[PDB]
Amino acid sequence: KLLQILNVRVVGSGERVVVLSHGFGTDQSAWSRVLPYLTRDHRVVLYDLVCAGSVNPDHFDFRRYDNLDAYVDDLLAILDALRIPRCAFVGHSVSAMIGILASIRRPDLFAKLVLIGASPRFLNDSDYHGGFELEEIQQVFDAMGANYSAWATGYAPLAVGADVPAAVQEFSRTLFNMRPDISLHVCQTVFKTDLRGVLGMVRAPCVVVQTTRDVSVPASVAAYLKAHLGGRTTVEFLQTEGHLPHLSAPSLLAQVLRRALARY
């Protein structure tokens, strides 16, 4: 009953269908301020990832969700249940990784991707700057277990980046709503994911959104995506700071979404 379980909502109308898929520490409400810019021109599908605190956490099967392919299966099952044959997909954070994988599994269904806070790999590697060393993640995982509330308190303004207090408060609200063992397990799953080898399998055109600074995504990752994704890819720069521009700069991000969703 995924449509119920994952809080699927279809709003707006149109022939151009857009799916909005939220990232780590938020739920579909993170799209609220961009949504009104899209519903006159598009049918919009929103849903919550199984790890959102707005979903009953007793649905979180730790074994099933120890790889992103299980989140892909939930997205494709929702789109097939809704009988949607073609869409554009906007993914933030973990959902940018889900959208890359889903576009390779079902190239018929994904006509365009828009990727926000996107990276194919967060850990550094030889001649690859992901932004994180192994010892630093080991400490992130320990702080999330030792004191999740203190960790989330400190992380929310760092991730929002810009001093936009309403956005810090909204992101802290949904990070504190995540069950702390689920939040650690999704963080661990993201850090074990390395999409570099599959980037050239994406066929859809893609827009990579880049802000001035993102604590989780070095500036060089956007150019690495543009060089390696298999579809026609552009980097769209937003003159704003942070990882969650849909919370902190929603009108500015809505410019890029309306432009990228105009034809596909």
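All residue numbers refer to positions in the sequence shown, first residue = 1.
- Mean CA temperature factor is higher for 229-237 when stretches 229-237 and 66-74 are set side by side in the entry.
- For the pair 169-177 and 112-120, the record assigns the higher mean C-alpha temperature factor to 169-177.
- Highest C-alpha temperature factor among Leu199, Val50, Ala30, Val215 per the entry: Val215.
- For the set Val207, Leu38, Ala222, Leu46, the PDB entry puts the maximum C-alpha B factor at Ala222.
- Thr26: CA B factor lies in the lowest third for its chain, per the PDB record.
- In the deposited entry, the Cα temperature factor of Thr211 sits in the top third of values across the chain's modelled residues.
- The entry lists a Cα temperature factor for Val90 that places it in the lowest third of the chain's modelled residues.
- In the deposited entry, the Cα temperature factor of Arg105 sits in the middle third of values across the chain's modelled residues.
- In the PDB entry, a CA B factor belonging to the highest third of its chain's modelled residues is recorded for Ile137.
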